[PDB]
Structures are given as structure tokens and as C-alpha cells.
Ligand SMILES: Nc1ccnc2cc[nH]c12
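Just one chain follows, in the form deposited without the ligand, and it is written as C-alpha cells.
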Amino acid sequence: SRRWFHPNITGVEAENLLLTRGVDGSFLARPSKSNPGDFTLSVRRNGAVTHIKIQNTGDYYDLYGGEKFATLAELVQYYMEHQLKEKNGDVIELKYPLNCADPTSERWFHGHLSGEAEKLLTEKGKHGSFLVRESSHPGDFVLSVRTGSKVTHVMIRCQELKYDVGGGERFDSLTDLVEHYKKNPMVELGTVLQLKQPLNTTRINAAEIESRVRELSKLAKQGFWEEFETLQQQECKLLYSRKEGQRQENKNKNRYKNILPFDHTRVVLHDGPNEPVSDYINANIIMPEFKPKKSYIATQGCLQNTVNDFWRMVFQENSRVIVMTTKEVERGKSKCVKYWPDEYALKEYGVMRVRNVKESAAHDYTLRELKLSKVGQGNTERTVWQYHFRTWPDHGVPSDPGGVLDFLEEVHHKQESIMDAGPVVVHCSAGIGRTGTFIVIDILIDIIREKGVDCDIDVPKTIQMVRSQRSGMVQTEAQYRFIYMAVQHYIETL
């Protein structure tokens, strides 16, 4: 559950909700009104409400008086299972989620839609496809389901802010009603009104990207914000185990203590014997449909103590291309240590040897031609091409996708020219925001390469697929919009 997130409330409403309907330990999270792009954690403690700022410029969720997180659900899960402190040092306990009744971030809620609903279910629906729309009985709602084939409309009465389908139980929210009739389906002459999946509205034909971008650009905040927040609501389905990253011997191998690789997709390092735990790196394999040559490794920026493990990973996975999307230093803070030798220099990083053959400077990036081999084994040498994108802004995203697209095209062609190359290594600082953005753009553009402009692309479906393989891949609404703009610009220059 992610019912503790309220997408459309002010600080005043949040305070009033917690003081009248919550108790000490009650909490909620919400988008900031004073600074769009930020979030607020509002917590009831000692009969008063505290508002804690959460910032995200594209790399992670940074909680004031707390730690850095990959998603708001991982943030909430951490503090609900653990500590959060005020400026004066006092402990703030997250005990009771204060649940939201707003249906605006539900995949199935369409708001204003005529009984249009039938046209959408006929064209895109299948057996069990459903949606909820506003009724004409103003203030009431309509549940429209496809079964097969036919479309059935069930009236939803709203009486005293409770919802019902004519009889039986009265629900506190449309969400509660939908969940109930999803578990216990309504039965008609025998037709079972099974609610199998919400009607898909995000899958578009690539050719019509400009049209969808125009529609998403309109005020709902824009349609992009509403689509992104519906994707964010589904992050609670991705709380997979990250036990290996939490182990004592692995703690200092993480750039950010709470930003960890899922156990089920982490890169396991073999051939480590004097080191009790030599199999860990903060990296995950990312597959585009969840071949190694069409796959990626999403990882963090090297720490001084993880450089050797990084080169063990590249060697083992037979990776021939590295995509670096951060400077070594940004805003005076180290984002990635220099894990490569100076031009023309040779270095040993543990058992691995690396030669920097040549560097080539381009407008937005530097290419470093590297020769990687295992010490004592001449025949193991392979070229590793490091594409270092150097112009990404300190906060937010580039104003134009052109530069990223040109860079991505070059990376793709290098990778495609190498027979049986392993996955493309992609990293930034935490390895989830800019890394996830580059990877998602690359996946979507590759569909267009192979299939052409008439192919189907579904941006949040692709993101959700990438997010099931590494926490919080694609961090912000700005990156979300940037992915759409990059796909639009790619289709436009075809």
C-alpha cells in the first residue's frame, strides 16, 4: 500500500487531516506547494504537526534530518521498520499512515468521460478491462467493464462521501470499492464482472508522439505530472529484497547506505579466496523486456574502495562500453572517483590492468579508449570504450534532448559493432536517476530502430519494467518529461 501519499493537498489541509483524523505517530507525504518538485513528510507528534522537506533534483530523495532514498515507499518502509530526527535532535516516529481517498493517481480513474468509455474499451480493452468515470447523476460514478464480448456499466452511488453499487457495503473511497469488487467480483444470468486490469491509455503509436506530448503538456500542473504520479503510486509493488547490500561487509561498498541493488538482479562477482565477502557490487543487470548485448548494467559512481570490484564486474560481464553521466565532482562533492588511468597511462586495479589508449573530446562528452586485461593473462585483453557525458546540469535535466540523443546514437553504434559484447555499463552518482533516464531513452529508441515509426511505445510500462530490476530508476517528473521529449525529437529527425 502507498495510501499515505496525498497528491492534491496543501500544508494547511495536511495539518487539519492529522489533527482531526490522525493521532500521535500519524503521517502522510505530499508534493510541495511552496516549491514544485519537492515533497513534504507531515508527521503528528505530541499533539502538533511537523512538516519535513524531501528534495529531489534527479539523483535521490533527500529527507531533511534523515537519509537519501531511491523511492518514497523505500523511505517510508525504512522509518516504519526503524531514526528520523528534528533540528533540535528529538525523534519523529512514523507509526500510522494517514490514508488518502483521492482517486486521481489510480490507473483506472478517468474522471470526466462519457459512457467515449465504450469506444476506449472496444478499441483497447480485452476481457476484464475496466475504468471508473464520473456520472448523468452529478456527484456519482460509473464502473465500466469489458467481458468476453460486451461492455457493462455499473452505477456507483456517492452518499455522504461513501461509495456503493446499489446495495451491500458502503466504502470510504472509490479505491476501497474497486479493491473489494476486484476480490469479490459482481455476478449478473451468470456473467462474472471481473476487474482484471485497468484500461490501458498510455500505450501510443510512435508516429503519434507529438500528439500525446501536446496532450500531456496541457494543464491537468500538467498531464505529465498526473501520468508520472500514477506511475509513482505503483512503486509499492517493487519493494523487493536488498539483503546482500545490507550485510556488514558490504555496507561501505554503497555510496548511499539506503540505495541498494535488488538481490534478484544484482551483479554477483565470482572468482574473488582470502576475502570472506568478495561477490558484491552495487549494480543490477537491466534487461529490456524482463541477450547480454542488448542489456545494461546500472551501477553507482565508484568509491575509492570499489574501483577494483568495478573492473572485476566489467571483465566478468564482458562489457565493452561504459556510459558515465556525471562529472567526477559536482557542487564541490565527489560523485564518482576517477576509476580510469590518465591518457596514455597504464594502471593495475587489483587483478585487472587498464591502459587508457586515447581520449577524444566532443561537444557534450569525452570518449576514452581503454584496454582491459587480467594481470598474468595476455590473451584476455579487450577494448572498453568509456563515453563520459560531461554537460548534464547540476540539477534538473537538459533544456534540449539533442545532445543526449547524439551521444546515445554513438554509444548504440559502438556497442552494435562489437561481436558478442556484454551489457552496456551505465552509471551516475547513485545510479538510479540520470542512469535510469539514459537507459529508458535507449530502450525506447531501440524499439523505434528495429520496428520503425508504427510500433507501439508505452513509456510508464517501460519505466515500471526497468524499476522492477533496480530501485527508483527515473527519479523525477522532469526526467519523465525529458524521456517523452527525447523520444519525440528522435521520431522528428527520422
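So that there is no doubt, residue numbering starts at 1 and follows the sequence shown.
Only in words, not in the display: the form solved in complex with the ligand, which the text now covers.
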**Message:** Just to confirm, with a 4.5 Å cut-off on non-hydrogen atoms, which of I285, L72, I156, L177 contacts the ligand in the deposited complex?
**Reply:** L72
**Prompt:** Which listed residue (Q232, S129, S319, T306) meets the criterion of a heavy atom within 4.5 Å of the ligand in the deposited complex?
**Reply:** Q232
**Fill in**
Which of 332 to 340, 375 to 383, 87 to 95, 233 to 241 lies within 4.5 Å of the ligand in the deposited complex, heavy atoms considered? The stretch 233 to 241
**Proximity of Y490 to the ligand in the deposited complex, heavy atoms at 4.5 Å** = no
